[PDB]
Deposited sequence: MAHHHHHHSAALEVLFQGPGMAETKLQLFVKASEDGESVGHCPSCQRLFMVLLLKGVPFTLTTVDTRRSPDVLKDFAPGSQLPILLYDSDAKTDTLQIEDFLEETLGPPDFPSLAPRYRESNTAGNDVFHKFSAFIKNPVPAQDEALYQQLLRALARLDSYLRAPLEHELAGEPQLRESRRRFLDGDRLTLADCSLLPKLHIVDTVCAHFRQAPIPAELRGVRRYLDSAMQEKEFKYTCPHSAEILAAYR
């Protein structure tokens, strides 16, 4: 399928198995979000170049960019104020909080070794706890207003608006919760209030909600 939002910009992404929606792929969803959050017109084309290239790919004019980070930087650079909002996070830590969660999930979820399962699980939980800490800690602009504040009020990594950091992390975190809950009866623990609210908040945000693959597609990818 194809989706026209409102050309110059064309993002190629994986299609779902039945071909009717977008397929599972957190980097695809990441750039899908970035483009929506820019509010720039664009075409999304699902699919069911250069050696070992993989989706997502962005066509601009006739130019092709095939690497996710490259694509992202390009969009943040060439689509700027006043016509489009900058999506760079304000705070360095927004860019690193949660950065090991997804790779510790994969190590855990793929693990063939019974004796290492609990261990790999605790490593995943520990990274989630660190993300949770950052999410609960008042940011600079928050302390400006309330120097008393002990617990952050904000919705997302860097504040109350989605940034590039959220576009990267949310699709990955969504996968973690979705797979762990269905396959291991292990949703992200309720004790991690910051992480849970963050996921709840993202779901109420149209750019995230409507870029998510159907859960069935995520599940199929993990068996």
Task: Segments lacking C-alpha coordinates (deposited sequence numbering, starting at 1) - done: 1-11, 18-23, 66-75
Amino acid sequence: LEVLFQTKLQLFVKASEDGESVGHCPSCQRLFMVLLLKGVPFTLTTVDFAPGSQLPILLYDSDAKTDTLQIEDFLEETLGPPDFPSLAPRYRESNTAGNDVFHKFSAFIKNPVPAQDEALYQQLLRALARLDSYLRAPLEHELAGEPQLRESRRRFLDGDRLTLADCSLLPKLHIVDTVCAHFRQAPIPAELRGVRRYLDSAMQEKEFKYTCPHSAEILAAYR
From here on, numbers count along this sequence of modelled residues.
Open item on the list: If you take the mean CA temperature factor per stretch, which one wins between 53-61 and 153-161?
Closed with: 53-61
Task: Selected stretch [higher average CA B-factor]: 102-110 or 87-95 - done: 87-95
Task: From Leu9, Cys25, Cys212, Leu199, residue of greatest CA B-factor - done: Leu9
Task: Entry-reported Cα temperature factor of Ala216, expressed as the chain third it lands in - done: middle
Task: Ranked against its chain, the third holding the CA B-factor of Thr66 - done: highest
- [ ] Report the third (lowest, middle or highest) to which the CA temperature factor of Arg136 belongs, ranking only the modelled residues of the same chain.
- [x] middle
Task: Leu37 - which third its CA temperature factor falls in, relative to the rest of the chain - done: highest
Open item on the list: Looking at the temperature factor on the CA atom of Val176, which third of the chain's modelled residues does it land in?
Closed with: lowest
